[PDB]
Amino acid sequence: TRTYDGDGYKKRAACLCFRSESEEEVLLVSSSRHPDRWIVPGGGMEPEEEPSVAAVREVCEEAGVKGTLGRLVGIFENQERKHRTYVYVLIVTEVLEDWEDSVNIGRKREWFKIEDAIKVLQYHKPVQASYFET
């Protein structure tokens, strides 16, 4: 069940999944419909689901990683697609081999230096590139 803010924007949560506390390398996943493109893993908050809980759940489903939840980076709108995403830092401590989206839709994952993550997100996901700006 998709959930919405009072202005009709879909509610989402995502994590910047860093390899370590140095926050130098981040895990991106393939687009579901366009597997040659990269995205920041994330998805819809469920009814009454805390944003931090949604963020960690979606990263597990889409990227097959777990770790230590860190700070809220910010809340980011996509005006054209009408969604609003809570973005958290996650420091990855567990990388699991056969995760929900790998099994179900063959979703890929890959580590990027922050500057390269910004580069591959810019064209189709400029708001997700902006998650890294600060």
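Residue numbers here begin at 1 and follow the sequence given.
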Exercise for review: Look up the CA B-factors in the entry and say which stretch, 48 to 56 or 95 to 103, has the higher mean.
Suggested key: 95 to 103
Point to revise | 105 to 113 or 81 to 89, whichever carries the higher mean Cα B-factor | key: 105 to 113
Practice item. Can you work out whether the C-alpha temperature factor of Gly64 puts it in the lowest, middle or highest third of the chain? Key: middle
Revision key, fill the gap. Chain thirds by Cα B factor, record data; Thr3 belongs to the middle
Practice item. Would you mind checking where the Cα B-factor of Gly43 ranks among the modelled residues of its chain, as the lowest, middle or highest third? Key: lowest
